[PDB]
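Asks: One structure, as structure tokens, below. Some questions next.
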Amino acid sequence: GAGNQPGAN
Amino acid sequence: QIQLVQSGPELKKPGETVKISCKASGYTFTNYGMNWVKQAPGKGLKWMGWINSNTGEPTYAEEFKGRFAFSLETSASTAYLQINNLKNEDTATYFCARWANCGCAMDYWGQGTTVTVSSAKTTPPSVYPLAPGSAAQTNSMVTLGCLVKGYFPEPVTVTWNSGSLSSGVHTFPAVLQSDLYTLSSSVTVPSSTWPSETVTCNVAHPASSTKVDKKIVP
Amino acid sequence: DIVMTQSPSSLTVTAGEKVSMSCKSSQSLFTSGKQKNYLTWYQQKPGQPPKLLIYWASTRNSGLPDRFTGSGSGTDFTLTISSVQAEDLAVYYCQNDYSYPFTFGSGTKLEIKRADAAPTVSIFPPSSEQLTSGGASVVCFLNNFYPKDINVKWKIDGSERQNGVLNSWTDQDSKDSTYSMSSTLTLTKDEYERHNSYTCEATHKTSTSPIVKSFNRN
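Here you go:
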């Protein structure tokens, strides 16, 4: 769960 | 009870440095990154960048590289925005916004910080009551007001009876006739309520720190 | 970068009708990995920070009223309000949340059509706290009218004056969908005290004859 890893990547 | 509280409005001269804080409460601070969003007056939202609350590494958009800096204080659960070398295009309201747990949205937003860039100095306002000349005959409603003149810079918060009197309020946008702003506000209450019960105009000018309560008696 | 285009720019409806607004993206925002569309819809009411409405292009935020529906996929997206209320007056923004930079659209402004309404007009002489200070401001409130177009004239002893008058309109109201405006005529001390009758007259769409308010020196 993040939160600090936003977007599709 | 998740809340983002930003620091108060700032008035700077062109070329100076400003630092806005955004204190977070109600959640685990190092699990959600912090976005910064700029809003020039009357314009739309522009995403400026974000800061990772766990690593500290910021990522800025291309227009906001060089003069803008994101910062963290994890002990205080606070994010910071620093703007160096202020220009008149930096006059705006800046929001901090928390990345959601989905990683797909901005869940919670701060109230915004208005940064005004101008060479003019801070002047406190003069607050005057606005009472009707003739008493109410059969209209059953009375309109009252207060006028805030000669203040700089914006904003001022105008409430009635410390917020308890909130229906029937019209606070008008300020106009800059000279280098000073003038604003007016009106309240409409029943003729039974006034003048038996008190109504007070509360004005806050945080740049000059000029909280003033004024009764509208006569 | 990814460009988010919003359409229509602005639209005006009566309360209780359905509206739809479009958001189109330069690149696709669908990822098959989670089978989700990384597009977000925010709502911004006048004076407030943006409020999250819909993430993942269809999921409502918790507590949202059920009139708001998000829709669409890939590059084409839609926000729908089933029966608009007067509180739904706002600017609606979409945001790319697929890739950096996480760009916003230019927004769609939602305004309300109401029935026509005449202004409640109030005239106010200057305060003694201002009159002993040497300045004078005679104020006229024109509250809760629709539509926004209105004209005010100031009459001093029957002769019309337009110099030194400042006008200000509020935004559309979130509860009764009306507009309000304040007109302030600022003079000096002896200029105000050397004439007797002051008249604020208002012309609006509702009446062919203007609504007139006045006062004299007691």
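Top to bottom, those sequences are chains P, A and B.
Take the first sequence: its letters are residues 3 to 11, numbered as in the deposited numbering.
Take the second sequence: its letters are residues 1 to 52, 52A, 53 to 82, 82A to 82C, 83 to 100, 100A to 100B, 101 to 212, numbered as in the deposited numbering.
Take the third sequence: its letters are residues 1 to 27, 27A to 27F, 28 to 212, numbered as in the deposited numbering.
Even for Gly, the Cβ is constructed at its ideal location relative to N, Cα and C.
By alpha-carbon positions, which one of A:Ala-129, A:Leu-80, A:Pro-119 and A:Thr-54 ends up nearest to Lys-64 (chain A)?
Replies: The shortest Cα separation from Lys-64 (chain A) among A:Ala-129, A:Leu-80, A:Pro-119 and A:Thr-54 belongs to A:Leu-80.
Asks: If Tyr-92 (chain B) sits next to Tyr-32 (chain B), beta carbons under 8 Å apart, how far is it from one beta carbon to the other, in whole angstroms?
Replies: Contact holds; Cβ gap of about 4 Å.
Asks: If you measure from the beta carbon of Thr-97 (chain B) to each beta carbon in chain P, is any gap under 8 Å?
Replies: Not one chain P Cβ lies under 8 Å of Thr-97 (chain B).
Asks: Can you tell me which residues form a DSSP beta bridge with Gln-6 (chain B)?
Replies: According to DSSP, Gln-6 (chain B) bridges with B:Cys-23.
Asks: Enumerate in chain order the residues of its own chain whose CB-to-CB distance from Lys-142 (chain B) is below 6 Å, with the five nearest sequence positions on each side excluded.
Replies: Excluding sequence neighbours, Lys-142 (chain B) sits near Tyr-173.
Asks: Measuring straight from C-alpha to C-alpha, what distance separates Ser-201 (chain B) and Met-135 (chain A)?
Replies: Going from the Cα of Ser-201 (chain B) to the Cα of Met-135 (chain A) covers about 22 Å.
Asks: If contact means a Cβ-Cβ distance below 8 Å, which residues of the segment 109 to 134 of chain A contact chain B?
Replies: Listed in sequence order: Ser-120, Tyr-122, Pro-123, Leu-124, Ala-125, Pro-126, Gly-127 and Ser-128.
Asks: Buried or exposed: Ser-176 (chain B), going by 16 or more other Cβ atoms within 10 Å of its Cβ?
Replies: With 16 or more other Cβ atoms within 10 Å, it is buried.
Asks: Using the Cα positions of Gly-26 (chain A) and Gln-3 (chain A), report the straight-line distance between them to the nearest angstrom.
Replies: Going from the Cα of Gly-26 (chain A) to the Cα of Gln-3 (chain A) covers about 6 Å.
Asks: Starting from the Cα of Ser-186 (chain A), find the closest Cα among A:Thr-137, A:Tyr-59, A:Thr-153 and A:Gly-55 and give me that residue.
Replies: Residue A:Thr-137 is the option with its Cα nearest to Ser-186 (chain A).
Asks: Let me make sure I understand the geometry here. Which of A:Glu-61, A:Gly-162 and A:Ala-88 has the alpha-carbon closest to that of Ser-179 (chain A)?
Replies: For the residues A:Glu-61, A:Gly-162 and A:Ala-88, the minimum Cα distance to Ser-179 (chain A) belongs to A:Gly-162.
Asks: Quick check on this structure: which residue in B:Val-3, B:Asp-70, B:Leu-11 and B:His-189 has the alpha carbon closest to the alpha carbon of residue 214 (chain B)?
Replies: The first residue shown for chain B is 1 and the last is 212, placing residue 214 (chain B) beyond what the model contains.
Asks: Give the DSSP-derived three-state secondary structure of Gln-42 (chain B) in the structure shown.
Replies: Correct three-state label for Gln-42 (chain B): coil.
Asks: Could you check whether the Cβ of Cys-100 (chain A) sits closer than 8 Å to any Cβ belonging to chain P?
Replies: By this cut-off, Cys-100 (chain A) is an interface position.
Asks: In terms of residues, what are the limits of the beta strand (DSSP E) holding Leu-179 (chain B)?
Replies: 173 to 182 is the extent of the beta strand (DSSP E) around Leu-179 (chain B).
Asks: If you draw a straight line from the alpha carbon of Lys-183 (chain B) to that of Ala-96 (chain A), how long is it in whole angstroms?
Replies: Each residue's Cα considered, the two are about 58 Å apart.
Asks: Output the distance between the C-alpha atoms of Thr-12 (chain B) and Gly-49 (chain A), rounded to the nearest integer angstrom.
Replies: Answer to the nearest angstrom: the Cα atoms are 33 Å apart.
Asks: Is it the case that the Cβ atoms of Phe-98 (chain B) and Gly-44 (chain A) are separated by a distance below 8 Å?
Replies: A contact, by the Cβ cut-off of 8 Å.
Asks: Could you tell me the boundaries of the alpha helix (DSSP H) in which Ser-203 (chain A) lies?
Replies: It is not in any alpha helix (DSSP H) - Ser-203 (chain A) carries neither H nor E in the DSSP assignment.
Asks: Which residues mark the beginning and the end of the beta strand (DSSP E) in which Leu-160 (chain B) is found?
Replies: Residues 159 to 163.
Asks: Start and end of the alpha helix (DSSP H) containing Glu-123 (chain B)?
Replies: Unbroken alpha helix (DSSP H) run through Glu-123 (chain B): 122 to 125.
Asks: Going by the DSSP bridge assignment, what does residue 218 (chain A) pair with across the sheet?
Replies: Since the displayed chain A opens at 1 and closes at 212, residue 218 (chain A) lies outside it and no answer follows.
Asks: Kindly list the residues whose CB is nearer than 6 Å to the CB of residue 229 (chain B), restricted to its own chain and excluding five residues on each side of it in sequence; keep chain order.
Replies: Since the first and last residues shown for chain B are 1 and 212, residue 229 (chain B) lies out of range.
Asks: Starting from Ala-10 (chain P), find everything on chain B with Cβ-Cβ shorter than 7 Å and list it in chain order.
Replies: Residues of chain B passing the Cβ test: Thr-27D, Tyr-32, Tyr-92 and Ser-93.
Asks: Along the beta strand (DSSP E) that carries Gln-39 (chain A), what are the first and last residues, could you check?
Replies: Looking at the DSSP string, the run of the beta strand (DSSP E) that includes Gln-39 (chain A) is 34 to 39.
Asks: Can you check which of these residues, B:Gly-57, B:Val-78 and B:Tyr-49, is closest to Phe-71 (chain B) by C-alpha distance?
Replies: Closest by alpha carbon: B:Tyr-49.
Asks: Does any residue of chain C have a CB that is nearer than 8 Å to the CB of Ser-10 (chain B)?
Replies: In summary, chain C is missing from the structure at hand, where the protein chains are P, A and B.
Asks: Do you know how far the Cα of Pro-41 (chain A) is from the Cα of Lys-23 (chain A)?
Replies: If I take the Cα positions, the gap works out to 24 Å.
Asks: Got a sec, what are the start and stop residues for the beta strand (DSSP E) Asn-212 (chain B) sits in?
Replies: No beta strand (DSSP E) holds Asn-212 (chain B); DSSP gives it neither H nor E.
Asks: Just the C-alpha distance for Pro-113 (chain B) and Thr-165 (chain A), rounded to the nearest angstrom, thanks.
Replies: If you take the alpha carbons of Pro-113 (chain B) and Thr-165 (chain A), they lie about 16 Å apart.
Asks: By Cβ distance below 8 Å, which residues in the same chain neighbour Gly-106 (chain A) in space, the five residues on each side in sequence not counted?
Replies: For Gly-106 (chain A), where only same-chain residues beyond five positions count, the Cβ hits under 8 Å are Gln-6, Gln-39, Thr-89, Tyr-90 and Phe-91.
Asks: Determine the burial state of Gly-55 (chain A): buried for a count of at least 16 other Cβ atoms within 10 Å of its Cβ, exposed for fewer.
Replies: With fewer than 16 other Cβ atoms within 10 Å, it is exposed.
Asks: Please report how far the alpha carbon of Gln-37 (chain B) lies from the alpha carbon of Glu-72 (chain A), in whole angstroms.
Replies: If I take the Cα positions, the gap works out to 30 Å.
Asks: With a threshold of 8 Å between beta carbons, is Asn-155 (chain A) in contact with chain P?
Replies: False, the Cβ-Cβ gap to chain P never drops below 8 Å.
Asks: Does DSSP put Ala-75 (chain A) in a helix, in a strand, or in coil?
Replies: The answer is helix: DSSP assigns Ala-75 (chain A) an H, G or I state.
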